[PDB]
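Novice: What follows is a single structure, and I will ask about it in a moment.
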Amino acid sequence: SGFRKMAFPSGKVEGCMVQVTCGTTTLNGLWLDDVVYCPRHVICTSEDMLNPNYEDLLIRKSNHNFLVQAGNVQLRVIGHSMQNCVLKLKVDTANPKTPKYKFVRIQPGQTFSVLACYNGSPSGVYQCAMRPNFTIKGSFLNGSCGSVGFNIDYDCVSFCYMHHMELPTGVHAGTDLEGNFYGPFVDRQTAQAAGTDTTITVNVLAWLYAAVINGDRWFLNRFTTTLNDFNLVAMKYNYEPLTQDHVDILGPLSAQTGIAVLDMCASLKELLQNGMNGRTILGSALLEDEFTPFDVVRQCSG
Amino acid sequence: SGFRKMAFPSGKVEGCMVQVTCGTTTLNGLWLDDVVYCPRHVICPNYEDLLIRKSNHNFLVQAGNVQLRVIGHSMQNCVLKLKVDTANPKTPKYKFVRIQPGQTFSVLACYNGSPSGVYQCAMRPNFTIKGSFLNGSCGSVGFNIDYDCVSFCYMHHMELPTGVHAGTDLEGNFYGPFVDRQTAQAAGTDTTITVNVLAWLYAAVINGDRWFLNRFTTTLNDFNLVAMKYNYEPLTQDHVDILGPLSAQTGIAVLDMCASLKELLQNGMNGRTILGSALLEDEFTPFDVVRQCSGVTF
Ligand SMILES: CC(=O)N1C[C@H]2C[C@@H]1CN2C(=O)C[C@@]1(C(=O)Nc2cncc3ccccc23)CCOc2ccc(Cl)cc21
Ligand SMILES: [Cl-]
């Protein structure tokens with residue numbers, strides 16, 4: 001028993017965190033083998049940010065301009081290339097603490113752990129979901145750019161995100177480890193705004209199933225719904241349309257609890273209609289959308 | 001900006017998780033130098049009588065794929081101390097500390113000496129923790145990383161019938177009126193950690209959430225009369241002093257913030273949320289808020 005927002009053990013990622021300094025700018029880098037990955041806006045000044053030509057700025061940079069620091073040790077940059085919005089600094093030393101890793105691009109609704117860093121020193125770890133609007137509700141301060149999001153499935157670290165920018169509404173924007181931003185965001189100080197956010201429906205349903213496994217059944221009802229009828233109601237509450245793929249992904253949870261996916265959708269329709277009514281599902285007074293169907297099967301079984 | 005339930009980087013603790021097997025029981029152990037620490041219920045109740053039957057080679061310690069050979073064994077309260085032939089090379093700078101209820105810590109959940117998750121939780125006033133544990137998680141540790149020193153403050157032993165957990169400090173002393181045996185054990189009536197709620201209300205102010213603030217102030221005794229009614233911990237003058245830095249950073253006096261909390265208890269959230277929550281959060285200490293809203297690294 002027990003349901004917590006669980007992050008992956010950060011150990012394998014902490015051994016990768018370096019400090020990347022380029023002039024006055026000092027952010028974080030991910031050191032995997034003989035390459036340090038970091039946001040390309042490390043080369044920008046505060047004024048350049050409006051309309052930077054990174055290609056033009058990087059060509060005026062030499063290897064010894066980038067000061068990489070792995071703890072007290074200083075790494076010697078021997079090369080530099082740019083892949084989309086990330087800078088790839090080739091270094092003289094390969095990371096001995098390099099784990100088994102993959103660069104994965106995640107879809108909105110997928111969750112990951114964020115290892116918050118300041119000056120290449122990890123300060124905290126927490127669990128995040130990729131919001132439908134492609135932003136993350138993170139906990140980031142100045143100097144946290146280059147902090148990575150990952151998932152440790154088996155003994156392999158799947159790097160899925162690198163922090164780049166905090167939008168004016170306090171939410172964050174970043175890229176996959178291949179430098180491709182998530183969402184319609186760019187690495188610029190231009191007027192950018194996160195789109196109208198929505199609730200991750202499949203994730204809420206998965207959390208409602210996790211509650212049933214933990215003995216919470218007060219929200220269940222004698223009703224079922226058509227998939228389309230549920231989406232007409234979900235749309236009104238600012239919920240993501242639940243697709244047939246979502247239904248199939250919820251299959252295992254439906255079998256473990258014995259409550260059909262569209263049966264659990266009817267419970268959710270009623271929860272949206274009536275609210276919690278002073279009650280709490282899994283210690284929460286709100287409907288939680290940051291636990292994927294996979295996170296629930298991982299935490300309630302193994 | 002941003003406020004999350006943040007745990008300490010588990011790295012220094014992962015390098016200490018071993019698998020302790022004794023007969024049928026397979027739980028986790030904490031390997032610090034040449035000693036593995038684990039719940040004394042792995043031999044499972046006269047624990048002195050049961051331990052004297054077991055020999056060193058009955059305990060099978062496994063550090064990853066490598067097997068550690070046990071060369072000795074002693075018992076400190078509810079914690080088994082297995083002397084091993086090899087000292088842990090990954091041993092960090094550490095202390096065994098005992099925490100007070102209201103203090104928070106990170107839990108590195110393990111199954112078969114393999115860390116699977118890390119999370120934050122608070123020592124509840126009833127001395128239980130609202131953790132996330134399954135079968136095989138006994139021996140999972142709670143810690144705080146201050147500077148570069150890991151302060152081990154908890155080792156998980158069991159789960160109470162209400163889903164809450166009970167465990168000991170690393171010296172084997174249980175937190176609360178709990179014992180390590182299958183018997184009727186119930187968690188006491190829980191209370192809200194008042195200082196922790198106030199600290200979280202300050203963190204909300206820092207994050208631009210100010211709707212709950214009011215023109216009013218109150219006294220420490222008048223607030224406690226109200227807090228007692230709503231099952232809140234009495235806010236002491238020490239709590240007020242500990243909230244000092246937050247009060248200066250936001251410009252809202254501690255008893256001014258107590259007056260805002262007094263109205264949240266009498267009137268509720270009113271359909272509104274503070275830091276994305278519809279309930280008053282009590283698992284962020286005044287120091288957790290100061291560290292997350294200023295950025296202290298390890
Ligand atoms: C300080 C400096 O000269 N620097 C320029 C580069 C290098 C250095 C910092 N830079 C930025 O630009 C970063 C920056 C940004 O969003 N930083 C932050 C990230 N997360 C949390 C924060 C919490 C508070 C304050 C800032 C945070 C500033 C805001 O504007 C943008 C617009 C786009 C993009 Cl891609 C990044 C940014
Ligand atoms: Cl995905």
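To be explicit about the labels: the chains of the structure tokens are called A, B, and onward in the order shown, and within each one the residues are counted from 1, while ligands get numbers from 1 in the order they are shown.
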As number ranges by chain, could you give me every residue of chain B near chain A (at most 9 Å apart, counting only C-alpha atoms)?
Specialist: B: 1-15, 108-109, 111, 115-121, 130-134, 159, 162-165, 207, 276-279, 291-298
Novice: Could you list the protein, DNA and RNA residues that have any atom within 7 Å of ligand 2, counting only C-alpha atoms and all ligand atoms, and write them as a PyMOL selection string?
Specialist: chain A and resi 105-108+110
Novice: Mind dumping the selected residues with N, CA and C atoms as an mmCIF file, in the first residue's frame?
Specialist:
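Now in again_16.cif:
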```cif
data_model
loop_
_atom_site.group_PDB
_atom_site.id
_atom_site.type_symbol
_atom_site.label_atom_id
_atom_site.label_comp_id
_atom_site.auth_asym_id
_atom_site.auth_seq_id
_atom_site.Cartn_x
_atom_site.Cartn_y
_atom_site.Cartn_z
ATOM 1 N N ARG A 105 12.529 10.661 -27.395
ATOM 2 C CA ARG A 105 11.628 11.798 -27.470
ATOM 3 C C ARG A 105 10.292 11.319 -26.940
ATOM 4 N N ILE A 106 9.766 12.019 -25.938
ATOM 5 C CA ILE A 106 8.525 11.631 -25.326
ATOM 6 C C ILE A 106 7.317 12.361 -25.904
ATOM 7 N N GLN A 107 6.132 11.776 -25.720
ATOM 8 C CA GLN A 107 4.876 12.361 -26.169
ATOM 9 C C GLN A 107 4.202 13.034 -24.953
ATOM 10 N N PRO A 108 3.386 14.099 -25.150
ATOM 11 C CA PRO A 108 2.710 14.721 -23.995
ATOM 12 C C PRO A 108 1.861 13.698 -23.229
ATOM 13 N N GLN A 110 3.487 11.739 -21.057
ATOM 14 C CA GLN A 110 4.548 10.898 -20.540
ATOM 15 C C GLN A 110 5.263 11.626 -19.411
#
```
Novice: As a PyMOL selection string, please: every protein or nucleic acid residue near ligand 1 (cut-off 10 Å, counting only C-alpha atoms and all ligand atoms).
Specialist: (chain A and resi 21-27+39-50+85+138-147+163-168+170-175+181+185-192) or (chain B and resi 1-2)
Novice: Mind checking DSSP for segment 37-240 of chain B and telling me the alpha helix (DSSP H) residues as a PyMOL selection string?
Specialist: chain B and resi 47-51+194-206+220-229+237-240
Novice: Write a file of the just-selected residues containing N, CA and C atoms, as a compact mmCIF listing (two decimals), in the first residue's frame.
Specialist:
```txt
# COMPACT_ATOMS: atom_id res chain seq x y z
N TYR B 47 14.42 -11.98 20.14
CA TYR B 47 15.42 -11.76 19.10
C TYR B 47 16.83 -12.15 19.51
N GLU B 48 17.14 -12.11 20.81
CA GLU B 48 18.45 -12.55 21.29
C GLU B 48 18.58 -14.07 21.07
N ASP B 49 17.50 -14.81 21.38
CA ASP B 49 17.41 -16.26 21.22
C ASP B 49 17.44 -16.71 19.76
N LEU B 50 16.78 -15.96 18.86
CA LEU B 50 16.76 -16.31 17.45
C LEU B 50 18.09 -16.03 16.77
N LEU B 51 18.74 -14.91 17.12
CA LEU B 51 20.01 -14.52 16.49
C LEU B 51 21.17 -15.43 16.89
N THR B 194 1.67 22.32 11.51
CA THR B 194 1.36 23.75 11.33
C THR B 194 2.49 24.60 10.75
N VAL B 195 3.72 24.46 11.29
CA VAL B 195 4.86 25.22 10.80
C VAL B 195 5.13 24.92 9.33
N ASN B 196 5.01 23.64 8.94
CA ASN B 196 5.20 23.19 7.58
C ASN B 196 4.16 23.79 6.63
N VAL B 197 2.90 23.91 7.07
CA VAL B 197 1.83 24.52 6.26
C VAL B 197 2.15 26.00 6.05
N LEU B 198 2.60 26.69 7.12
CA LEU B 198 2.92 28.11 7.02
C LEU B 198 4.04 28.36 6.06
N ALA B 199 5.08 27.50 6.10
CA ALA B 199 6.24 27.56 5.23
C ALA B 199 5.82 27.41 3.77
N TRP B 200 4.87 26.50 3.49
CA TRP B 200 4.29 26.25 2.17
C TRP B 200 3.44 27.44 1.71
N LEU B 201 2.73 28.10 2.65
CA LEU B 201 1.98 29.32 2.37
C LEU B 201 2.94 30.45 2.00
N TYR B 202 4.13 30.50 2.63
CA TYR B 202 5.17 31.47 2.28
C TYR B 202 5.70 31.18 0.88
N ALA B 203 6.02 29.90 0.57
CA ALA B 203 6.47 29.48 -0.76
C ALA B 203 5.48 29.85 -1.86
N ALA B 204 4.18 29.89 -1.54
CA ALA B 204 3.13 30.27 -2.46
C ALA B 204 3.21 31.75 -2.72
N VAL B 205 3.45 32.58 -1.68
CA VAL B 205 3.61 34.02 -1.80
C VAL B 205 4.77 34.33 -2.75
N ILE B 206 5.89 33.65 -2.54
CA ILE B 206 7.08 33.76 -3.38
C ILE B 206 6.76 33.46 -4.85
N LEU B 220 -0.03 34.31 19.07
CA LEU B 220 0.39 32.91 19.11
C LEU B 220 -0.55 32.02 19.93
N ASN B 221 -1.15 32.56 20.99
CA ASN B 221 -2.11 31.79 21.79
C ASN B 221 -3.48 31.75 21.12
N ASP B 222 -3.95 32.86 20.54
CA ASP B 222 -5.25 32.88 19.85
C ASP B 222 -5.24 31.96 18.64
N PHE B 223 -4.12 31.90 17.92
CA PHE B 223 -4.00 31.02 16.78
C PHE B 223 -4.05 29.57 17.23
N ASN B 224 -3.35 29.23 18.31
CA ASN B 224 -3.30 27.85 18.79
C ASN B 224 -4.65 27.33 19.28
N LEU B 225 -5.51 28.22 19.77
CA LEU B 225 -6.86 27.83 20.18
C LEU B 225 -7.68 27.38 18.97
N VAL B 226 -7.48 28.05 17.82
CA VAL B 226 -8.10 27.77 16.52
C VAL B 226 -7.46 26.52 15.86
N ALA B 227 -6.13 26.44 15.87
CA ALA B 227 -5.36 25.33 15.30
C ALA B 227 -5.67 24.02 15.99
N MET B 228 -5.85 24.05 17.32
CA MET B 228 -6.20 22.87 18.11
C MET B 228 -7.53 22.27 17.63
N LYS B 229 -8.50 23.15 17.34
CA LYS B 229 -9.83 22.76 16.89
C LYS B 229 -9.81 22.04 15.56
N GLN B 237 6.81 29.17 19.79
CA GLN B 237 7.60 30.36 19.52
C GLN B 237 8.85 30.00 18.71
N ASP B 238 9.37 28.76 18.85
CA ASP B 238 10.51 28.31 18.05
C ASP B 238 10.12 28.25 16.60
N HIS B 239 8.91 27.75 16.29
CA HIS B 239 8.39 27.70 14.92
C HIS B 239 8.34 29.09 14.30
N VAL B 240 7.91 30.08 15.08
CA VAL B 240 7.82 31.47 14.68
C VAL B 240 9.20 32.00 14.30
```
Novice: Excluding residue 112 of chain B and its own-chain neighbours fewer than 2 positions away, which residues fall within 12 Å of it when counting only C-alpha atoms? Please give them as JSON, numbers by chain.
Specialist: {"A": [302], "B": [17, 18, 19, 20, 21, 25, 26, 27, 28, 29, 30, 60, 61, 62, 63, 64, 65, 109, 110, 114, 115, 116, 134, 135, 136, 137, 138, 139, 140]}
Novice: With N, CA, C and O atoms retained, write the just-selected residues as a tab-separated table (two decimals), in the first residue's frame.
Specialist:
```
chain	number	residue	atom	x	y	z
A	302	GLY	N	5.44	-3.71	-9.51
A	302	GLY	CA	6.87	-3.83	-9.75
A	302	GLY	C	7.29	-3.47	-11.17
A	302	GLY	O	6.51	-3.60	-12.11
B	17	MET	N	23.10	0.39	-1.11
B	17	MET	CA	22.00	-0.58	-1.03
B	17	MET	C	22.41	-2.01	-1.41
B	17	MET	O	22.75	-2.31	-2.55
B	18	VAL	N	22.32	-2.90	-0.44
B	18	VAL	CA	22.61	-4.31	-0.64
B	18	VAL	C	21.35	-5.18	-0.41
B	18	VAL	O	20.34	-4.68	0.10
B	19	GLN	N	21.40	-6.45	-0.82
B	19	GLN	CA	20.28	-7.36	-0.63
B	19	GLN	C	20.60	-8.33	0.50
B	19	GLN	O	21.52	-9.13	0.37
B	20	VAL	N	19.84	-8.28	1.60
B	20	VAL	CA	20.07	-9.20	2.71
B	20	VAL	C	19.06	-10.33	2.71
B	20	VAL	O	17.86	-10.08	2.84
B	21	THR	N	19.54	-11.57	2.55
B	21	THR	CA	18.71	-12.77	2.56
B	21	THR	C	19.05	-13.67	3.77
B	21	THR	O	20.22	-13.95	4.02
B	25	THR	N	13.25	-14.79	4.14
B	25	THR	CA	13.16	-13.33	4.08
B	25	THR	C	14.29	-12.73	3.26
B	25	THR	O	15.46	-13.01	3.50
B	26	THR	N	13.93	-11.88	2.28
B	26	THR	CA	14.89	-11.14	1.44
B	26	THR	C	14.52	-9.66	1.46
B	26	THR	O	13.61	-9.24	0.76
B	27	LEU	N	15.20	-8.86	2.28
B	27	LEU	CA	14.95	-7.43	2.35
B	27	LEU	C	16.22	-6.62	1.96
B	27	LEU	O	17.15	-7.20	1.39
B	28	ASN	N	16.25	-5.30	2.21
B	28	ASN	CA	17.40	-4.48	1.85
B	28	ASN	C	18.28	-4.15	3.05
B	28	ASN	O	17.83	-4.20	4.19
B	29	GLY	N	19.53	-3.82	2.77
B	29	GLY	CA	20.51	-3.44	3.75
B	29	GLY	C	21.29	-2.21	3.32
B	29	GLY	O	21.43	-1.94	2.12
B	30	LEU	N	21.79	-1.46	4.27
B	30	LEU	CA	22.57	-0.27	4.05
B	30	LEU	C	24.02	-0.60	4.44
B	30	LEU	O	24.32	-0.81	5.60
B	60	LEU	N	23.06	-13.92	3.63
B	60	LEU	CA	23.60	-13.82	2.27
B	60	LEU	C	23.48	-12.39	1.80
B	60	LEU	O	22.40	-11.99	1.36
B	61	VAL	N	24.56	-11.62	1.91
B	61	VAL	CA	24.55	-10.22	1.48
B	61	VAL	C	25.00	-10.13	0.03
B	61	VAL	O	25.97	-10.78	-0.36
B	62	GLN	N	24.27	-9.38	-0.78
B	62	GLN	CA	24.59	-9.23	-2.18
B	62	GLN	C	24.65	-7.77	-2.58
B	62	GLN	O	23.66	-7.06	-2.53
B	63	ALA	N	25.84	-7.31	-2.98
B	63	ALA	CA	26.05	-5.95	-3.43
B	63	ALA	C	26.14	-5.98	-4.96
B	63	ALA	O	27.22	-6.15	-5.52
B	64	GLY	N	24.98	-5.87	-5.62
B	64	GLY	CA	24.88	-5.99	-7.07
B	64	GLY	C	25.01	-7.45	-7.45
B	64	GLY	O	24.29	-8.30	-6.89
B	65	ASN	N	25.94	-7.78	-8.35
B	65	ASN	CA	26.19	-9.18	-8.69
B	65	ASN	C	27.18	-9.82	-7.70
B	65	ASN	O	27.13	-11.03	-7.48
B	109	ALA	N	13.34	3.92	-2.04
B	109	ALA	CA	12.66	2.62	-2.07
B	109	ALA	C	13.48	1.57	-2.81
B	109	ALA	O	14.00	1.85	-3.89
B	110	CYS	N	13.66	0.38	-2.21
B	110	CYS	CA	14.46	-0.69	-2.83
B	110	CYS	C	13.77	-2.02	-2.77
B	110	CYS	O	13.06	-2.30	-1.81
B	114	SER	N	18.07	-3.22	-4.92
B	114	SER	CA	18.09	-2.42	-6.14
B	114	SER	C	17.16	-1.23	-5.95
B	114	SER	O	15.95	-1.42	-5.82
B	115	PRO	N	17.70	-0.01	-5.92
B	115	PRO	CA	16.83	1.16	-5.75
B	115	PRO	C	15.94	1.33	-6.97
B	115	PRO	O	16.40	1.27	-8.12
B	116	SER	N	14.63	1.46	-6.71
B	116	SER	CA	13.63	1.59	-7.76
B	116	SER	C	12.99	2.96	-7.83
B	116	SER	O	12.53	3.37	-8.89
B	134	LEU	N	5.97	-1.70	-0.87
B	134	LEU	CA	5.45	-3.01	-1.23
B	134	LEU	C	6.25	-4.10	-0.46
B	134	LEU	O	7.15	-3.77	0.31
B	135	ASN	N	5.91	-5.38	-0.68
B	135	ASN	CA	6.62	-6.48	-0.05
B	135	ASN	C	8.06	-6.52	-0.59
B	135	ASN	O	8.27	-6.39	-1.80
B	136	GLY	N	9.02	-6.61	0.33
B	136	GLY	CA	10.43	-6.62	-0.01
B	136	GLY	C	11.12	-5.27	0.11
B	136	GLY	O	12.31	-5.14	-0.23
B	137	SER	N	10.40	-4.25	0.58
B	137	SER	CA	10.93	-2.90	0.72
B	137	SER	C	11.57	-2.62	2.07
B	137	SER	O	12.16	-1.55	2.22
B	138	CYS	N	11.43	-3.53	3.07
B	138	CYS	CA	11.99	-3.36	4.42
B	138	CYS	C	13.49	-3.14	4.32
B	138	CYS	O	14.14	-3.83	3.55
B	139	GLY	N	14.01	-2.16	5.03
B	139	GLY	CA	15.44	-1.83	4.93
B	139	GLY	C	15.72	-0.64	4.03
B	139	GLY	O	16.87	-0.20	3.94
B	140	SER	N	14.69	-0.11	3.34
B	140	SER	CA	14.77	1.10	2.54
B	140	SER	C	15.00	2.25	3.54
B	140	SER	O	14.45	2.23	4.65
```
